[PDB]
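Residue numbers (PDB author numbering): 35 to 144, 146 to 273.
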Ligand SMILES: *C(=O)[C@@H]([C@@H]1NC(C(=O)O)=C(S[C@H]2CN[C@@H](C(=O)N(C)C)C2)[C@@H]1C)[C@@H](C)O
């Protein structure tokens, strides 16, 4: 797998991003803008993985609790229904995890400094610190986080991590499995899109990734998966 084809996938999408990969504590960089791997961006919709872990661990919820939609007009129309913590993970429904963050509370949430995620600061507003700061995390710190979650090595209960892991399955073909969570901080300039997860190769081998790239409103949501899937195809991970 050349480190140069990576460039022309990103050259052709007219973007500026990096694809971090980790295979058992050996990290390789892959992008047309490799410097972004050590650059702090807001975590956006990816924080839902740590929000679910902190909630399920502290028993502020469970994998079964159904969240009632109480009428208000939400961003996308697929969010306007009752759903559980898992279905809200797939749809990235923000209002659900906000109510969970209020159950946890700012004091208990500021667990974040114990896990050592990003700059480890959440400010005062407990329901929008991952969307416009003051929380920022580097794509290297992200790929290390999901690497521990896949190997079931995060500082939480073993049953809690495996529950969050089951909420993150995206594609299961050819004995492979690809877990991950998407993000898109559309409210900051320049915009930034995420796609952090891992690959469960058929032999159980684990390869974690953390795709970071600048976003624009005109891009499709399937521009992140398209860019990643053709890169794991090239690196012979799938
Ligand atoms: C998390 O970034 C937001 C949540 N996640 C998310 C995504 O990354 O897919 C969408 S934003 C993105 C999805 N399509 C675009 C759109 O608004 N439509 C075409 C409907 C933008 C979603 C908002 C969380 C902060 O809401």
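Yeah, the Cβ is synthetic: ideal placement off N, Cα and C, and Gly gets one too.
Would you give the residue range spanned by the alpha helix (DSSP H) that residue i belongs to?
{"i": "residue 265", "result": "257–269"}
{"i": "residue 175", "result": "174–185"}
{"i": "residue 194", "result": "193–201"}
Would you identify the three-state DSSP class for residue i, choosing helix, strand or coil?
{"i": "residue 62", "result": "strand"}
{"i": "residue 46", "result": "helix"}
{"i": "residue 87", "result": "helix"}
{"i": "residue 80", "result": "helix"}
{"i": "residue 150", "result": "helix"}
{"i": "residue 206", "result": "strand"}
Figure out for me which residue from the options has the closest Cα to the Cα of residue i.
{"i": "residue 66", "options": "239, 230, 217, 41", "result": "41"}
{"i": "residue 204", "options": "84, 256, 217, 189", "result": "217"}
{"i": "residue 220", "options": "240, 79, 175, 57", "result": "79"}
{"i": "residue 273", "options": "246, 252, 240", "result": "240"}
{"i": "residue 190", "options": "133, 159, 151", "result": "151"}
{"i": "residue 228", "options": "253, 109, 62", "result": "253"}
{"i": "residue 200", "options": "185, 160, 166", "result": "185"}
{"i": "residue 108", "options": "210, 192, 129, 169", "result": "129"}
{"i": "residue 213", "options": "195, 202, 197, 232", "result": "232"}
Tell me the residue span of the beta strand (DSSP E) that contains residue i.
{"i": "residue 254", "result": "It is not in any beta strand (DSSP E) - residue 254 carries neither H nor E in the DSSP assignment."}
{"i": "residue 212", "result": "212–220"}
{"i": "residue 235", "result": "226–235"}
{"i": "residue 56", "result": "51–56"}
Taking the DSSP output, what are the residues bridged to residue i?
{"i": "residue 117", "result": "101"}
{"i": "residue 142", "result": "Answer is none; residue 142 lacks a bridge partner."}
{"i": "residue 244", "result": "55, 232"}
Starting from the C-beta of residue i, find all residues in its chain whose C-beta is less than 8 Å away, skip the five residues before and the five after it, and write them out in chain order.
{"i": "residue 95", "result": "89, 119, 134, 137"}
Among the residues of its own chain, which have a CB less than 7 Å from the CB of residue i, if the five just before and after it don't count?
{"i": "residue 70", "result": "51, 52, 174, 247"}
Quick one: what's got a C-beta closer than 6 Å to residue i's C-beta in the same chain, skipping five residues either side?
{"i": "residue 263", "result": "230, 246"}
{"i": "residue 165", "result": "77, 81"}
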